[PDB]
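Here are the chains, one letter per residue:
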Amino acid sequence: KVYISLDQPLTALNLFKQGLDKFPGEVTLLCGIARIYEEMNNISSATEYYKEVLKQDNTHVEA
Amino acid sequence: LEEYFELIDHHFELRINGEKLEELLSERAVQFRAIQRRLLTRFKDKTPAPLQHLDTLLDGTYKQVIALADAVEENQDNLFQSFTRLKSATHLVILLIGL
Amino acid sequence: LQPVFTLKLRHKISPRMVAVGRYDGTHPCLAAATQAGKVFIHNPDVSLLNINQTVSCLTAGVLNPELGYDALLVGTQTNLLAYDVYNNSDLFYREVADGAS
Amino acid sequence: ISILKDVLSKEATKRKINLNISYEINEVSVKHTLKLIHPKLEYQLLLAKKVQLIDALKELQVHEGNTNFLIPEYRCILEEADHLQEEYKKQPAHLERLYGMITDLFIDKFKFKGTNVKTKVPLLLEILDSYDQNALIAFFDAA
């Protein structure tokens with residue numbers, strides 16, 4: 001959230017990926033990555049990470 | 001149609017003065033905003049830095065803003081009085097055209 | 001001799017805060033501080049960067065030799081900012097609390 | 001006149017000639033010298049008050065560009081910044097020379113009038129720092 005307030009989306013994506021390295025399947029991190037990729041207007045990766053959230057949650061309202 | 005047009009011209013002169021004063025106030029407000037943002041960025045920095053030039057520019061810009069605001073108020077009141085006199089003028093002109 | 005090229009830049013450069021380096025990897029560029037706490041990059045136009053802080057030491061170099069791009073280290077009197085430029089991301093951001101002279 | 005009198009008397013006493021010296025002073029002459037000194041002090045103080053602001057003005061133009069927000073009363077300062085700086089490099093020397101000159105003029109005027117004013121000599125310094133022309137002439141002619 002801080003790295004996005006400073007307008008650095010790629011630092012935030014790297015931090016999210018490091019988090020997912022610590023927590024191998026956390027839905028909140030994957031949904032954050034998807035939100036970033038959808039705010040950068042790259043739906044090709046937003047949908048891939050939402051699909052990962054689905055492969056984890058399958059009741060996620062956002063995904 | 002000749003002592004009528006004088007009130008119309010007076011009203012329109014007041015309108016044009018008000019528009020000019022509004023543009024002047026726009027410029028003064030933009031300048032005040034720029035200087036205030038400079039001062040803000042100065043306040044965010046941890047290290048000391050001389051700035052008295054900046055706040056003595058801000059004070060001048062602000063006194064000019066106050067002057068222009070009072071002038072716009074005065075012009076608004078003058079324009080309203082001119083409008084109320086023009087209403088009576090046009091009342092009488094319509095009466096005379098109907099007679 | 002004679003200057004092989006000569007370009008006039010629209011900003012006032014700070015005295016010792018000038019570095020040059022390849023920021024895209026295959027495109028050298030010139031980084032230089034400026035008054036009002038800014039830093040400009042001449043790419044071959046000019047791209048500005050907001051430090052909002054009086055720079056005191058600037059430098060470009062290879063910070064991690066894994067890749068090739070040059071990090072841009074903008075040392076403020078109370079900070080330190082490595083900053084990838086080809087991506088609007090930073091390699092770190094430390095506070096030294098002593099200084100960057 | 002004062003310097004001439006001092007140096008000539010000094011030489012005469014160096015040779016023991018015992019000369020006699022008399023002097024005739026017009027009352028408008030001191031006011032004329034003050035009218036001569038005035039424009040230089042005014043120019044120097046104006047240049048000082050301009051260099052007080054050139055810095056902040058550059059600080060603002062670096063951000064905005066200075067074509068859309070600043071009233072040209074400072075755009076002129078922006079265009080003349082370099083001259084203002086290079087002449088403020090020498091401004092304080094002109095200030096100190098002019099102040100010493102005005103001080104000595106006061107001293108010698110009142111010395112030809114007869115009295116010593118070494119007490120009130122610092123009293124005119126703050127007047128010069130304020131520097132109202134009419135108030136300065138009034139200081140000269142009154143006390």
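Residues numbered from 1 in each chain as written, not as in the entry; some residues may be left out. Chains lettered and ligands numbered in written order. Part of a larger assembly, values for the part shown. Heavy atoms only, no water.

Asker: Just to check I follow, could you spell out the overall build of chain C for this structure?
Answerer: In terms of helices and strands, chain C carries zero helices and six strands. The C-alpha atoms of chain C give a radius of gyration of 14 Å, which matches the 13 Å a tight globule of 101 residues would have. The C-alpha extent of chain C, read off along each of the three principal axes, is 45 × 35 × 25 Å. Out of the 101 residues belonging to chain C, those deemed buried represent 41%. Here chain C has roughly 6300 Å² of accessible surface; of this, 54% comes from carbon and sulfur atoms. With 7 positive and 8 negative side-chain charges, chain C shows a separation of 14 Å between the mean positions of the two kinds. (Helix = DSSP H or I, 4+ residues; strand = E, 2+ residues; numbered from the N terminus. Rg over C-alpha atoms; globule rule 2.2 N^0.38 Å. Buried < 20%, exposed > 50% of the residue type's maximum accessible area, 1.4 Å probe, protein only. Areas by Shrake-Rupley, 256 points an atom, 1.4 Å probe, with all protein chains shown as cover. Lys, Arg positive; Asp, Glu negative; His and termini not counted. Charge placed at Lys NZ, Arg CZ, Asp CG, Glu CD.)

Asker: Quick question: what am I supposed to make of unusual backbone geometry here?
Answerer: Residues apart from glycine generally show negative phi values, whereas peptide bonds are mostly found in trans. Phi at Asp7(A) takes a positive value of approximately 60 degrees, unusual for a residue other than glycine. Relative to the helices and strands, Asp7(A) resides in the loop between α1 (2–5) and α2 (9–22). With a relative accessible area of 51%, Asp7(A) lands in the exposed category. Positive phi values are uncommon outside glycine, yet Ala97(C) reaches one of about 65 degrees. Secondary-structure assignment places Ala97(C) in the segment after β6 (71–76).

Asker: I would appreciate a short explanation of the pattern of salt bridges in the present structure.
Answerer: Pairs can form between side chains of opposite charge whenever their charged atoms are close. The final tally for this structure, using the stated rule, is six salt bridges over all chains. Here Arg28(B) makes a salt bridge to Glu27(B), at a shortest N to O gap of 3.7 Å. Residue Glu27(B) is classed as partly exposed on the basis of its relative accessible area, which comes to 39%. Connected through shared salt-bridge partners, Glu11(D), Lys14(D) and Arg15(D) make up one network. (Salt bridge = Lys/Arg side-chain N within 4 Å of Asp/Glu carboxyl O.)

Asker: Can you walk me through the interface of chain B and chain D in this structure?
Answerer: Interface size, as often reported, equals the accessible area lost upon joining of the parts. Each partner contributes residues to the interface: chain B has 13 residues there, and chain D has 13 residues. Between chain B and chain D the total buried area reaches about 1000 Å² when both faces are included, carbon and sulfur atoms providing 68% of it. Residue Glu59(D) pairs with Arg42(B) through a salt bridge whose shortest N-O separation is 2.7 Å. Our enumeration of links across chain B and chain D arrives at two residue pairs in polar contact. Contributions of two or more residues to the side of chain B that touches chain D are made by α1 (5–44) and α2 (52–98) of chain B. Broken down by element, the side of chain B that touches chain D gets its largest block of residues, eight residues, from α1(B). For the side of chain B that touches chain D, the residue count by class is five nonpolar, four polar and four charged. (Contact = heavy atoms within 4.5 Å. Buried area = accessible area lost by both parts, 1.4 Å probe. Polar contact = N/O pair within 3.5 Å; in protein donor to acceptor, adjacent residues only side chain to side chain. Nonpolar A, V, L, I, M, F, W, Y, C, P; charged D, E, K, R; others polar.)

Asker: Whenever I open this one, the packing of helix α4 (residues 91–113) of chain D against helix α6 (residues 133–142) of chain D confuses me. Can you help?
Answerer: The packing of two helices is summarised by the inter-axis angle and the distance between the axes. Residues and elements named next belong to chain D. It is the contact of α4 with α6, at a shortest axis distance of 10 Å, that shows an interaxial angle of 30 degrees. The angle between α4 and α6 places the two elements in the roughly parallel class. Counted together, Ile102, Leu105, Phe106, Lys109 and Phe110 of α4 and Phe139, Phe140 and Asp141 of α6 form the full contact between these two elements. Counted by class, the contact of α4 with α6 contains six nonpolar, no polar and two charged residues. (Axes fitted to C-alpha atoms, helices over the stretch in contact; angles between N-to-C directions. Parallel < 35°, antiparallel > 145°, perpendicular 65-115°, else oblique.)

Asker: Quick question: what am I supposed to make of the interface of chain C and chain B here?
Answerer: Contacts between the two partners involve six residues from chain C, matched on the other side by five residues from chain B. Carbon and sulfur atoms supply 48% of the area buried between chain C and chain B, which totals about 420 Å² over both sides. Three residues, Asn52(C), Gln53(C) and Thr78(C), lead the burial of chain C against chain B; their summed loss comes to 54% of the area buried on that side. At the surface where chain C touches chain B, the tally comes to one salt bridge. We note a salt bridge from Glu95(C) to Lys46(B), for which the minimum N-O separation is 3.7 Å. Inspection of the chain C/chain B interface yields zero residue pairs in polar contact. Tallied by class, residues from the side of chain C that touches chain B come to no nonpolar, four polar and two charged.

Asker: Any chance you could explain the packing of aromatic side chains here in plain terms?
Answerer: How two aromatic rings sit relative to each other is set out by the distance from centre to centre and by the angle between their planes. Residue and element names in this part refer to chain D. Per the counting criterion, the structure on display carries six aromatic pairs over all chains. Centre to centre, the rings of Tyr23 and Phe112 are 5.2 Å apart; their planes meet at 50 degrees, and the pair counts as tilted. Remark: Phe112 occurs in helix α4 and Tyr23 occurs in the loop between α1 (2–15) and α2 (27–64); sequence separation between them is 89 residues. Its relative accessible area of 41% is what places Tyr23 among the partly exposed residues. The class for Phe112 is buried, based on a relative accessible area of 18%. Members of the aromatic cluster, each reached through a chain of ring pairs, are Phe106, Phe110, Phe139 and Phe140. Across the ring face of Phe110, the terminal group of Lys113 is positioned such that the distance to the ring centre comes to 3.8 Å. (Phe/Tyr/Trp six-rings, centres within 6.5 Å; stacked < 30°, edge-to-face > 60°. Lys NZ or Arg CZ within 6 Å of the ring centre and 35° of its normal.)

Asker: Sorry if this is basic, but what is going on with the sheet that holds strand β2 (residues 28–34) of chain C here?
Answerer: Residues and elements named next belong to chain C. Read across the open sheet, the four strands follow the order β1-β2-β3-β4; overall the sheet is antiparallel. In this open sheet, the two strands that pair with only one neighbour each are β1 (13–22) and β4 (46–50). Averaged over all pairs of adjacent strands, the angle between strand axes in this sheet comes to 25 degrees, irrespective of strand direction. Sheet topology note: the β2/strand β3 (residues 38–42) ladder contains five bridges and is antiparallel. Paired with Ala31 across the bridge in β3 is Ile41. (Pairing = 2+ DSSP bridges.)

Asker: Looking at this structure, how should I read the layout of surface pockets?
Answerer: To find the voids left in a structure, one rolls a probe of water-molecule size over its atoms. Reported here for the largest pocket is a volume of approximately 870 Å³. Put simply, the parts of the chain that give the lining of the largest pocket at least two residues each are α1 of chain B together with β4 and β6 of chain C. Here the element with the most residues in the lining of the largest pocket is β4(C); it accounts for three residues. Considering only residue class, the lining of the largest pocket consists of 10 nonpolar, eight polar and six charged. Roughly 650 Å³ of internal volume is contained in the second largest pocket. (1 Å grid on protein atoms, 1.4 Å probe; cavity = no way out; pocket = protein on both sides within 12 Å on 5 of 7 lines; lining within 4 Å. Points joined across faces, edges and corners; volume = space filled by probe spheres on them.)

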